[PDB]
Every structure is written in structure tokens, then in C-alpha cells.
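> The listed protein sequences derive, respectively, from chains A and B.
If you're matching positions, the first sequence starts at 1 in this note's numbering and goes up one per residue.
If you're matching positions, the second sequence starts at 1 in this note's numbering and goes up one per residue.
All C-beta atoms, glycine included, are put in the ideal place defined by N, C-alpha and C.
There are 2 protein chains.
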Amino acid sequence: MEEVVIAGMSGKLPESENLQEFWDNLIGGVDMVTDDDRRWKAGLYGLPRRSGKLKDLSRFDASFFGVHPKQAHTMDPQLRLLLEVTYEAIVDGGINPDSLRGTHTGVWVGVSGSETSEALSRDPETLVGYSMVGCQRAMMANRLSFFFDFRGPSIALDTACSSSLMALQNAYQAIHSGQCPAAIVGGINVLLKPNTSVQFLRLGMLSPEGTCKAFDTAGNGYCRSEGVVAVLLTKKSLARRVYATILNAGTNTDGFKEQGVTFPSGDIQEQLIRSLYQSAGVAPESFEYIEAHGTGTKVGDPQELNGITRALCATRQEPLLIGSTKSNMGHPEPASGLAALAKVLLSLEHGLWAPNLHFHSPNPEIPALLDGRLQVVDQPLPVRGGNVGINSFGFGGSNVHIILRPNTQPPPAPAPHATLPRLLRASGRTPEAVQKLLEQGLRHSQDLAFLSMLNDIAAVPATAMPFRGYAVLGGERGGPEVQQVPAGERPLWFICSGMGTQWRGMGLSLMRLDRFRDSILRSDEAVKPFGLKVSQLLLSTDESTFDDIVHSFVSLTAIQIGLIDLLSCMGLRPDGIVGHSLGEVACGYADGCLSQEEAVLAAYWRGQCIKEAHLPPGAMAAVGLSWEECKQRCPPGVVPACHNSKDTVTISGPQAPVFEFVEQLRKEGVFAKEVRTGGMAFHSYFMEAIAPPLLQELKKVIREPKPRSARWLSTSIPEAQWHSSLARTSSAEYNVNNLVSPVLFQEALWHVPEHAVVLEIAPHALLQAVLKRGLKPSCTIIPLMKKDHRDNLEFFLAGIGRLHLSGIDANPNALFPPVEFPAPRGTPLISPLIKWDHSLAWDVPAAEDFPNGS
Amino acid sequence: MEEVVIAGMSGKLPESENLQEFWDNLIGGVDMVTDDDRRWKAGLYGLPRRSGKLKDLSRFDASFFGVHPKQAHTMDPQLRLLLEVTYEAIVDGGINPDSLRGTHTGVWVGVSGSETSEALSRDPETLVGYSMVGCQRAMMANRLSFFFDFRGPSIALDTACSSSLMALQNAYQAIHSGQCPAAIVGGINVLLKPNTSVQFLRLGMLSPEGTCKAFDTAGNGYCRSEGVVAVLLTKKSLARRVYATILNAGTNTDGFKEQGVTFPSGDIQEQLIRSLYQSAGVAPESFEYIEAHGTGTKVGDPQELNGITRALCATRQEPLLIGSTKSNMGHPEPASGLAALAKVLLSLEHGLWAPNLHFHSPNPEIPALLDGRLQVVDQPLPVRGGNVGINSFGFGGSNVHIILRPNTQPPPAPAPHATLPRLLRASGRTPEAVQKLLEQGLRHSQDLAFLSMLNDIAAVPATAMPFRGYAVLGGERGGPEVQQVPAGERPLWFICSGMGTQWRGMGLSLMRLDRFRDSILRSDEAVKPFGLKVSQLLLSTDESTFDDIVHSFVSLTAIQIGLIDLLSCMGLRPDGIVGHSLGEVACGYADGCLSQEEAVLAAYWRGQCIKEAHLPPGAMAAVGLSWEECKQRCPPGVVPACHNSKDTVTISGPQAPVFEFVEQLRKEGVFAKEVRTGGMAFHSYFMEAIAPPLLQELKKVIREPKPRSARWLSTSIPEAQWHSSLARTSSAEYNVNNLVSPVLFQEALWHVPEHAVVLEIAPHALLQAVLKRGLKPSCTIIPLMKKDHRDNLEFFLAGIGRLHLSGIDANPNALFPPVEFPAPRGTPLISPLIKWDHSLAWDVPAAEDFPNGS
């Protein structure tokens, strides 16, 4: 009752390390079968010289899959290759494999031989026990279920040549019945000992020329080949990527035949095909292509093709295209179904049917090839539309047939959010893997679904993949950044600065993000009744607006609240919060003890009470003196205000004490930074009378307060008063004490741990130099906005990107509108982009480890 | 949506050639594991000396399964044994295998090793191609599907130790979904090369003592064993025999474990058990026995038993019985599930739980064994009632569990038809097989369901099983009769005699049969209005009744019609019909051109017209003269009447011509048999006037006649008049010509073919001596009734029995009321009663055909 789709694909086929190399060789018309001594001699025992073999067989990333190096040498090579391509298939689906770690997904593998098992057990005096664990035929599925933590059925089955498609049929029935949510289908074949080829030669099944002349007059046998293929099957609701939908799948057996056990029977195959499409409810006119078994034998090809033309070409009125990938590749026996399925799905993805090789004249015993009812694809011709049938028949008599419907999702309509720059994060075992992923993301910068699945597969722990990277796409600067991430957990800390950081155009560039704009409009409707709206303070800003201190207060708190909201939808939960005056006001929303409206009205009421009453113009000169030397060198009535660092302390007072330290700024090395904000002496004794009018207004907004958390480190309260009744809750008296007390921004900074990642929440990171000398040198400081930046959205996205390079997982897909659930076809492949650590070589059995009759 | 039942069982286990030998060894407490050099040496390579092995491995009936003797030598022995036990399982179900020849039944076999394949391919210069066909792992299922002509899925699967029960689980899902009507589940394991045992020894899994000390403190490993088991699964409506009903079946996998791939996890097993019974809807209180995996390892037994006591023994209030057949037998790896299932089903059939061996003290790490919540069966204790759970866990991590409910059908209530004698037919390859079946049927003569399934499995062609036999059970004579049947088809011919064969008590003994009594009452209601009823002519017969000729006529035709009805429900369709006067009247009902009422009224009207008019008393003297000499030696007005043979001709005439040939009977060798029937000259010139009154009455009964068939050979019409208008239909003029013409019973007999089987339909076979000298000597004449026989039902059943020995298939189950569809439990097993032609020895690989490190 559930729809079953094909979600992922990966493979290793002759002269085809990756699935793309496979496709290229297939459409290139290259003879992937070769005459090389890569496994045994050229023509020993009278064997054919030509065979299809894999490029390499001794490469395995043993540390990733957690196998001991002594156990990896005594493993079946086909199991090592199956582990790697099984990871690559899940990643090709767009699914992180960690989301299937407890589920009931099953594994079905089609194998037919275990030659490594009998090569590794020839000497009973030097045996090891690990050869049983790494080479037994059930372990080809059980090791996959063990590593990927799969709780479903784990079966290895052998059904001769139809073994791989039979596994697909059983996995189909498991998903269809609701037993399993997902499944993995595999198929493996490796040619190691020549005695099996001598057996097939004496049976009469091997061509002397080593060629599958499919549907040809000169066909006299097949050519043996290798291959390791895996696909990922899932229900429709879990699929990020869809290649095709399996309409139906079934099987039968020939039964008794007078001719023999080996001989094919086309009547039972015709019955299987007709019963399948009937039960599926599809008309035979709707087909356009059928991938035949097509092994090239003398008696098998007319039986199969006459069965096809009886079941399908009765009342059709159109030619039916037919092909066979064994003419391009050779015939891997238990892995022939998934290799043909890979060719079909690659042909559907690229829009062109891959041609057949070695087809010159039709077989005269097949009359449908002579009048045009069946047409062999011998040239590349485009895909028009309809269903594709795939059948594979074993020589024992097992018949399997699949009907699948390709997906035809068009590329989406253009949208105004598609012009915004995006983030792309990557991970890998080596720097080259991260470079490959980032450069392929740069090549396809306008493909939104491709970037979404690439961002989805990047959340791997640093112990598994120790190299991470990022690149900002769609911007003007660009540039991949790759570095090695240290292992372990690093705490994330939030620091939000105070006043003096406003400018012309605060956060406009990232007003294009929807969630930031929603937060800004929420703060707008909150201050709307109070004769104010921060939207004109954002868009219609000139120099007559931010010299006011009320507008500066609300335009600081709203921007910090919007940044915290963006970080909260990002998935990030802070471990420690420490602010600075109005930053400490926004720390209430950062901690959750405040909400939007109370924070914005508290900031506006602070500004309103300050602008209501009037006190002598104040100063904020900054001097190059410590905290203790400033108390003894100020005149009476002049108080130190800000304890930023051990060398930077801000003084507060009137103009004549400000003019007093102009002369002492000439003396020695003393800073003469006299930056003021409206000429008002915040954090001073001049506002001891400001609090009682202000406190009255506040009690009407932050009534029934909530207690502060242990993560919030207070900066207006000294350390010995942290347990008092005033500093447990974020009440109205807590906020008015912030204005009348000096900010202690040094003793809060020494409680930050050793390897913390510090995020600065400010419209301009002017506290970055203070935090560098004020914190431990094993900390990372990341700014989020920069004053007078042309595209501040690119600056924000680079901060999120280097947050990925520190070790904190943060998915930038949540910032943008989500992509529709089926990806459109023609989306680029992901499984060729995965690279492993292949610096080591492992043991492979040779031809001398098998009995030669000596 | 369909109920799945276990219908058949067969097996070959250590020291257990048949399933009964297995049961005996199991309850006998015999250690089926031995220390003999039956496969390799005693303790070479440091291997344990003890192992469980089959009794013989080189026996195969190659001609029955149609394999060439050169192909049989290069076959896997385990496939040969699987073919034989697969036939035995179907026969044990009570089902003829020919009724599944076109159906969609599937085959699932659990294998794990193919050592014969690598022993037969060691020399690439002397290879043969047949070793691929007979030893490839897919062929273990494909050869079964090929021989038995099965169209369903044919899969060989390997899932380590749980491989046999996994096949049962998949076959369960196929029947449950409605995909398959029936299925065959197999499991095979054979120990041939010692290198695999050395691998298991180095892994640490083998006990040094070669003992499975299940649930014991001293358990340190398992003992390797052999075994070939097959069961037959079917839907409920097809089952003649039910062992149990599968309530539920399922599987899962352990997934990732910190301890390793090999280590068992009881938590996932507990989850599987709890999910199964929940989905099945059965309470955990309803269980009474669970067959554990019970391999005897140090860390596996506490994990499995603690998982069982968490899933099952939470709120139970009763002890739960637990056992393990591996303590009796050893551990066959991929065939452990079906062997345990065989032990459980044998224990349910015999009413006693088979005890465990080698259990002395409980494992201290299992606290449920120390307080009584789990109880080990170490003594034979009776079966009380409830469900039985069977689980088998592979060492790769595959977990499978079965819930099955035993059938508790009581033996039926006694009935009056159970005292009647029955027929039992048998077939076999040898005379000893037929003798075994007949003597086991004699031992259980009162078991009706057992005899019904034995009669059902006996319909095999003579080319397959050339020895047939029969025995009449419940009679007083008895005696098995065994002979060799000649091959080919033999035509069946019906001959029904005329008058002069009546006696006192015609057919009474077989009035107890229901269909004969129904035919008699149908003829009774037909003649009821005509002031007659043949029931008092049957029961209330004395010597004042059958001296009348009307009663003799109806009591001949009714008995012959009832015999023909019994033969028609028997399944038999005649090839040639030839009668004799009133026999030729009953030939109309034999041919189908007449019905019951027309035949009975025609016979009664012949008698009524004969008894109406009166003619001079006639004679039927019989003389020892030929047909031509009788015409020249009779006086004028005296006509020869019956041409029985070349030496026997009946004369017809008055008393004074009858007295004339008394004197000539003294002369030479002339018979003086003057037997008359009422003193009336039938087949003579004295009844030329009898026909016109008779014809008038007949036109009112056999109005609108039907044409005679080519099988009916006329005896009142000469050969040259066979195409005339009088002899094409069985009209009223056809019957009145029978009375006025001589019967030509010789020229009809020369048209009978060479090897015909002749059946005599008469209440007393007085024509048996005539047919012996009148027919060819290659014909068999079978009488059906004998005059003055004490039990004529035993005489009829012996005729049907020797009809089976001729070659004609005839099932005597149709004569009696049918047996209810589920057979009651305790019905004797059938699969130990099948014997083969095992006079030849085939090749088995030795230990020297494997690499020893030389």
C-alpha cells in the first residue's frame, strides 16, 4: 500500500570506478572488456583472452569502517568494495546515514561465489579465525547491517544470474507491505580463480571471442565480467531524490522442460511479463524501452525476444526499443540486474538512450527484428516518454521482471530568493575530498536542490571525517576554505555588545532573509502603538535619525533579536551568555527569560526616560590605564565606567574632566579616544535620579519576572553578589541597576573555558579587538556584521561557514525557503564526488592460491 | 489473509535415517554424536573427536529422478538426499505430487556451504561441465523446482545458523499474502572438509569435548552436525494432514554492537519475541514450551535465556518449559531450525516432550533457572496444552522466531460404516516397498484417515513405480498380493451376462454400501407404481420368488445397474462394451444411451409380455458341437440359440427334441447340460408372435431414442448389418429383435484387443470359463460377484484390488463416506514407509580431495 522509489545509486563496474565513468564508457561505445593479464594469464587452459574486470581491487578505507588492519587483509575484496559503494549510495540519495541508525531497514545482497574463502582456508596449519568472519557468504549482508546499524532482515541469496534483481524484488515487497521503511540492494561478482571459467567453458556457455553479440546472427556465448553495485530503496515520503518509481515486480520459475535444465523457455517468461503489467494496471502501449537479458547465446536470444514480442508487441502500432548492457560491458552473473538498472537510470537522467555494441545483422529466427516491431538501439537517440521493463533470467530457470516509471519533474520556476547568495559546507576524509565537493558545488551554483542535499550530507562528526570546508556561492568574492578540525566538543558562547556600534543602514543587506524580516516586523508591531516604527529607521535612514538615542536603542535591540532568531532557527543552542549594557538587555531574550515585546519596550523606555530628563553633557574618553590606577587618578565626582580589558578603561564625566585628561594623553602612551554617544554619561553617578522615574514605567512591562539561568553571566553585578535576590531574576530592578552601575566586562571573561567558540552578536563588531586580548588564546572569535559592508549577507554567511570549520554543526538550509520534496531530474550525481583515504594496499588472492591439478 | 499450516515432514538426521528413528533416538536419550573416522581422522589438526554425522551418504535413486548415471556421480550428495526427502515430505502430507505439477508453489532452501563444488573443480584439465549444474548453490532449489515442475519462486539463501528458519519465514509470507498456494522449505548441512572445522576451532566456537551442554554451567561451545530436513507448507484448504498452524513469523537483526560482530544481544531478541506475539494477538500466558537456540556457549545462553524471561516470564504465574535439540543431536549450522521444528512436531504427535541431555546444574548467570520461572525438560513429561515458540539466531546477528499452535483434533466417533472391510492399494520401486506399505496398513487397519491418505498417494504410473500391490483389510481372509505391472496402457472392457445367474440373496452383502443401496432404491421407486418393489426380492427372498421370471429380470437389471454405478463413481470409463441378451439390455445404461427407469421398465416389460402369453415349454440343452455342425444335426423347427464359444452351443426347442439329444449325449464326448430357466425357449422361433404385443408396450418408454456408440459391440446383429438403420440407435425395435434372434457371442469377442482387461458385471460369474477359452490368452478376466459367498463385499473389493495390479487406476476411497478434512493427531507417519531402489553407490568426496597445505 506504499509507493516504492529508487533513491540512491552507486557502483564500481569495468573501467568504471565511478557511476559517471560507467555512463561515459557506455555512451562512448568503448569496449569495457579487455585482454590483459590482470587476474590470470592471457589464454591458459584454453580460456578466452577477453574479460571485463575492475580497475582496482586492493583499496579500502579500513579506519572509517572500523576494521582492524589484520582483519582487513583477510577480508573478501568484494565485501570491502560493497561497504564503500553502500555508503556512497546512501549519500547519493541525499540522506545522512545517521538518520537510519535505529530503523528497521533491510539488506538483500545477491552473491554467487566465494573464492576468497577457499583461498584463505587452504592451509590448516596457518589458519586464522577472522577469515570466517570476513569471507562467509552471509557476512556480505551481515557486516553491512552491523556497520550501518540496521535492524531489518539481512539476507544473502543466490539465484544464479538473476540474483541481483531477485534481491530488488524482495526489497520491493518488504517496503510495499509496510514491513520496512527503507532497504539496500546489492550485487557483487569478482573473477579470481580460472577453474570456474573452465567449468563455464566446458558447459558451452562462453563465447570463444569473449563478446556478447546481443541480438546478432554471430552470437555464440557471453563474456564473464565483474561488478559491485548498490541501490537504495525507500518509501515515497522519505525520498529526497527520486530516479524512478517501481510500479510492479515479480518472479516465477520455468519448471519442467523436456530440453534440459539449462535451456531457456520463453513461454513462462511471456506469462510473467503479461501477469505483471496486468496486476500493475498499465497498458502495453505505454512502454517505450525494455532492457532484455540479452546474453548473446544461440538459443536464448530468439526465445526471449519471441516471448517479448508475444507479450508486448501484439497490438502496439509503434516500434518498441530494446537494448542490452552486456554488449557494452560483458556479463557479471549475479550482478547483471543492478548493472542494467544502473545503465537505464543513467540513460533516463541524461535524456539519451545508450547504444548497443557489436550489432550488425539481425538474428533470422526473430521475425520481430525484421519487420520493425522491435528496434535495437544502436545509435544515441533521445528519451521520449513511457515505461521501461527490466528482466533478468538465471540459467537454473529463475525469471524476474521489473516495471518502473521514470520521474519527469521539471526544473522549478525562478523566484526572487534564488538570486541571494547561499552557503555550502562539506566534509571528507582528505583535503582533496572537500576540494572536490566544493569545486563541484561551485560548478553548479544555481542548482538549489543539489546544494540542499550537499548541505544535508555534511553533518558528520570530526572523528569520522577530520577535514571540513565551506564556500559562499553566488557572491562576488568566493574562495573555498579548507582546514582540519580538532576532535572533541567545543562550547559555544554568545557575546552581544552595547551602544556606539550603529551606522547608516543597519542590517538592510540581510533584510532579504525572510525570518529576519519577520522578526523586524514583529518588533515593529510591538513599538507601532508607541508612535514608532523601526522600518523607516532601517530603510529611510539619514544622519538626522541615529544621532537620536531612542532610535539607536530600538535599532540595536531589534537587530540583535533578529540575529538571535536567525541563530535559533539555525539549530544552535548557546552554552554561555555574557553581554554589555544593552547587550545584557538582549541577553534576556538570548536566555529565554525575556520575550520580544518586553525587550523592545524596555530598550525604548530606557531611551525615553533618558531623553525625558536632562543632565550635564557627559563624556566617554578611553584611557590606557588599568582598573586600579583609574580610581586614584580621577578627580572626585568622576567614576570609571567600563572595564573592557586590563589596559582599556572608559572614564565618565563632564567636559572639564574630559578636557583634563587631554593633557595627560600627551604624557607617555595614553589613548585619547574620546568617542561619545550623544554626550551623555552612562554608567555614572549622574543617573542616580534617572532610575526612580524609569523603574515606575518598567514595572508595567516585565511584571512577574522569570529567573535567570546559570549560563547567563552577569556583567552589572559583582561576583560575590551573584547569589543575591537581585541577580536571580531578570526583573525591573535588574535593568535599572544596569544603568547606574559600571560594566564589569573582565571578570566575566575569565570564566570562559579554554576551547570556546565565541560569537559576536552586533551590527558592527567593534569589540573584536577587546575580546582577542581579553580571552584565552585557544578561543575563536567570529564576527557576524561589519560596518559599511556592501553585502552584509555574505559576511553573515561566511561567519556560519567558519562556525562549521570550528566543529559546531549548523545547517544553513534553514535560513532559506525549503526546496520541494522530489528533486527535478537532471540534478547532478553525488556518489562520484565521494573520495576516500586509499593510501594503503590490502591483500588480494592470486591465481597461484588455487588448485591447478598438481 | 490465509491460514498457513504445516502439512508434511521428512528428514535424515544423525543415526536417524527416517523421522521415526530420529524421534526414537531423541526420546531414547542416545548421544547421536559419535567418535568415528566416518569423514576424516579422529583428532587431526587438533579437532574435537566427536561429531554428529549421517548414516549413509552415497545412496540415490537416480532413475526415478531422471538423472544420467554420469551426472549422478558429479552431483552434491546433499542435493541427492534433498530430492529424496522432498518427495517423502509431499507423500507424508497425504498429497500426490502430481497434483502440484503446474501450480505456483515455491521452494526456499537454507544452505551455507558447497564443498563438493570446490572438490570437483580442483583439476582444470579433467573437469566436466556437469559439476556446475549439480553443485552450484542455486541449483539446490532449482533442481527441485525442475523435477517437481514448480512455477513459484526458487531461492537458495544463506543467513548463517538461522538459514533454515528464515526460509520457513519467507515461505510463510508467500502463503499468507496469497502469492503461493504451497511451499517447500529445506535445510541441508554436510561435513566434508576439516578446514572449516579448523576455522571454527580458531574462532573459539567449538567445544573441546564435542558436546552442546545447553543451559549448563560447563558449557563451552557446540558440536558440529549434519542433517537434511524438508517440510511442506500449504494453505488450510489444501491440507489433508495438519501438524500445527503457524500463528506468526518474523525476523530482525542486532545492528551495531560495541562487543563485536559475533557477540549475541538478548535485547533485540526480546524485542522480536514481544513484537511477534503482540502482532499475532496471543497472550504470553498461553505458551507452554519454547525451543531455545541453546547452542551451549558461555555468553550466548545467559543472553538468550534472560531475553526470554524478560519477554515472556514477567506476569505468568506458571513455569515455562524450555529445551534444546542440540544437546541430543549437535548443531547443524544452516539446518538447525527445521531439525528443532521436527523434534517439536514429533513431540506433539506422540504426546510427550523429549528430554534434554547433559544438563546437571544450572548456569548461575541465569536467575530464572534458579527460582522456577524456567524449567528444563530433563525427563519425559506429557504435553498439557498451549503454544510453542521456536527461535534460531545466526552468529552474524540474524534473529528469527516462530509461533505455532498445535492441532488437537480428537479421533472420530464410531460409525456403522467403520466395521465394513476396506481396500488398500500400494505402489513402490521394489517389492519390499510395497510389502512395507501393506504390512503397515495391516497394523493400523482401524485408522480410516491413514488408509485414505495411503490410498491417495498410490496413483503413480507404472513407468515410475513398477511394483503394485493390494490387501483387503477388515475381512477374514486377508493376504497381501504383490506383482510387477507391465508398462503401457491396457483397454478396459465391460461384459455383462444374461439370465440363469440368479440365486438366493442377490447382492445383499454389498447392500451395506451407500451408493449401491441408493441405486437399488432408485430402481425400486421406478418399479414401485408397477405393483413391484425389488427390496423384498432382495431381503425377503425364498425359493418361491426367483422361479418367477419377472422378478429374475428386474433383479438382474437392478444389480447390474448398481454395479455399473459403483464402477462409475470409482472413476472408471469403459473402452468397449459387449453384452449377452439382458446383459445387452444393461449395456444401454453402460453406454449412456439409456437411463435407469427405461432399462428397468424394459426388463420388466419383457418379463411381463413373456409371462402374459403362453407357448410350449422350451429347452436350453447345451451340446459339445460347433456352430456349423449344429445347423445340420438339429431337426427342423429346432434352432441353435447361443454361440458362446467354438465348442459350446446352446440348442432351443421343446421337450421331445430335448429328449432326442439325450441319447446323442451318450455318444462320444457330448455335454448333456440341460439347464433351463422356467422352461421357456428364448432366442427361438416360438416368440415371433411375442414381439408385436411387446413392441406396443415398449414404444411408450424408450420413445425418442439415442444413438449407440462405437464402443458398444452388438451381439444380436450380425457384422455386415452393423451400419444399418436398425443397429445405430437403441430403440424399441432394437430390444425386441434381441429376443427373436440368436445371440452371437463369438464374433464380438474376436474384436477385443490383445492386452485388454475384462470386467464381468454379473451377480454370479458363470461366463468366466467361456471367456477364458473364447478370448486371447493375453487378457485378464476379473469377476465381481460369486454365488453363495458369505461376504460378497470382500469379493468385490478383491476385484478392484487386482484391477489396480493390472494397471488401471481406481481409487477405492470413493466407495465409502469421505473422511473429515483435518486428520486427527496421532495418525501414523507416512514418510518412514517410503523405500527406494538403493542398490547402487555413487561418488562422495573424501578428505584427500581438499588442500592440506602441501
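Buried or exposed: A/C223, going by 16 or more other Cβ atoms within 10 Å of its Cβ?
By the 10 Å Cβ count, A/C223 comes out buried.
> Answer with yes or no whether the minimum CB distance from B/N195 to chain A is below 9 Å.
So yes, B/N195 belongs to the interface.
> Given a cut-off of 9 Å on the beta-carbon distance, is the pair A/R773 and A/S626 in contact?
Against a cut-off of 9 Å, the Cβ pair of A/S626 and A/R773 comes out as no contact.
> Count the C-beta pairs between the segment 462-469 of chain A and the segment 419-431 of chain A that are closer than 8 Å, then say yes if the count reaches three, no if not.
Segments in contact, yes.
> Would you say A/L203 reaches chain B, if we count a Cβ-Cβ gap shorter than 9 Å as a contact?
Yes, A/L203 lies at the interface with chain B (some Cβ there is under 9 Å from its Cβ).
> Below 8 Å on the Cβ atoms is my guess for A/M499 versus A/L582; work out the distance and round it to an integer in Å.
A/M499 to A/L582, Cβ: 6 Å. Contact.
> So what's B/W836 in DSSP terms, helix, strand or just coil?
Correct three-state label for B/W836: coil.
> Does the segment 98-114 of chain A come into contact with the segment 143-154 of chain A, if we say contact requires no fewer than three beta-carbon pairs (one atom in each stretch) closer than 8 Å?
They touch, by the three-pair rule.
> Identify the contact partners of B/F64 in chain A, using a Cβ-Cβ distance below 7 Å as the criterion.
Per Cβ cutoff of 7 Å: no residues; B/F64 is ~14 Å from chain A at best.
> With a Cβ-Cβ cutoff of 9 Å, do A/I610 and A/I702 count as a contact?
No. Outside cutoff.
> Anyone know if the C-beta pair for B/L320 and B/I90 falls short of 9 Å?
Against a cut-off of 9 Å, the Cβ pair of B/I90 and B/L320 comes out as no contact.
> Please report how far the alpha carbon of A/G221 lies from the alpha carbon of A/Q303, in whole angstroms.
C-alpha separation (whole angstroms): 15 Å.
> Measuring only from the beta carbon, is B/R522 closer than 8 Å to any heavy atom that is part of the ligand SAH?
This structure simply doesn't include the ligand SAH, nor any ligand for that matter.
> Can you list, in chain order, the residues of its chain whose CB lies under 7 Å from that of A/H764, leaving out five sequence neighbours each side?
Excluding sequence neighbours, A/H764 sits near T501, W503, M785, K786, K787.
> Which term fits B/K53, buried or exposed, when burial requires 16 or more other beta carbons within 10 angstroms of its beta carbon?
Its Cβ being crowded by 16 or more others within 10 Å, B/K53 is buried.
> Residue range of the beta strand (DSSP E) that B/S427 falls in?
422-428 is the span of the beta strand (DSSP E), which, as asked, contains B/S427.
> Within 9 Å of any Cβ in chain A, is that where the Cβ of B/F60 sits?
No, because no Cβ of chain A sits closer than 9 Å to the Cβ of B/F60.
> Check each candidate in A/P364, A/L191, A/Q560, A/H580 and name the one with the smallest Cα separation from A/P77.
Comparing Cα-Cα distances from A/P77 to each of A/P364, A/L191, A/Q560, A/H580, the minimum goes to A/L191.
> Using the Cα positions of A/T103 and A/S154, report the straight-line distance between them to the nearest angstrom.
Spanning the two alpha carbons is a distance of roughly 13 Å.
> Which residue marks the beginning of the alpha helix (DSSP H) containing B/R274, and which one marks its end?
Per DSSP, B/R274 belongs to the alpha helix (DSSP H) from 266-280.
> Less than 9 Å between CB atoms is the rule here; does A/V198 satisfy it with respect to chain B?
Closer than 9 Å: yes.
> Nearest-angstrom Cα distance between A/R666 and A/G637?
A/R666 and A/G637: Cα-Cα distance of roughly 23 Å.
> Taking B/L601 as the reference, give the member of B/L695, B/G227, B/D514, B/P742 with the closest Cα.
The shortest C-alpha separation from B/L601 is found at B/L695.
> Listing by chain order, which chain B residues have their CB less than 7 Å from the CB of A/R802?
The contacting residues do not exist; A/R802 stays about 33 Å from chain B at best.
> Just the C-alpha distance for B/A756 and B/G807, rounded to the nearest angstrom, thanks.
If I take the Cα positions, the gap works out to 11 Å.
> Looking only at its chain, what residues have a beta carbon closer than 7 Å to the beta carbon of B/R49, apart from the 5 residues adjacent to it on each side?
So the qualifying residues of the chain are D35, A42, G43, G210.
> Looking at chain B, which residues of the segment 248-276 of chain A have a Cβ within less than 8 Å of any of its Cβ atoms?
The residues in question are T251, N252, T253, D254, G255, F256, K257, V261, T262, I268.
> Is the segment 666-683 of chain A touching the segment 791-808 of chain A, taking contact as three or more C-beta pairs under 8 Å?
Counting Cβ pairs under 8 Å, fewer than three are found: no touch.
> Mind checking who B/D216 pairs with in its DSSP beta bridge?
Partner(s): B/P362.
> Distance check for A/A727 and A/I717, CA to CA, integer angstroms please.
So the alpha carbons of these two residues sit roughly 7 Å apart.
> Could you tell me which residues DSSP pairs with B/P406 in its beta bridges?
Answer is B/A244, bridged to B/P406.
> At 4 residues or longer, and completely inside the segment 703-755 of chain B: list those alpha helix (DSSP H) runs for me, N to C.
Here the runs fully enclosed are 732-740.
> Check the C-beta distance from B/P334 over to B/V111 and give it rounded, since I have them as a contact under 8 Å.
Right, the Cβ-Cβ distance comes to about 6 Å (below 8 Å), so this counts as a contact.
> Which same chain residues end up closer than 8 Å to B/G372 when comparing Cβ atoms and leaving out the 5 residues on each side of it in sequence?
For B/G372, where only same-chain residues beyond five positions count, the Cβ hits under 8 Å are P319.
> Report the three-state DSSP secondary structure of B/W353 (helix, strand or coil).
Reduced to three states, the DSSP call for B/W353 is strand.
> Answer with buried or exposed for A/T116, where buried requires no fewer than 16 other C-beta atoms within 10 angstroms of its C-beta.
With 16 or more Cβ atoms within 10 Å of its Cβ, A/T116 is classed as buried.
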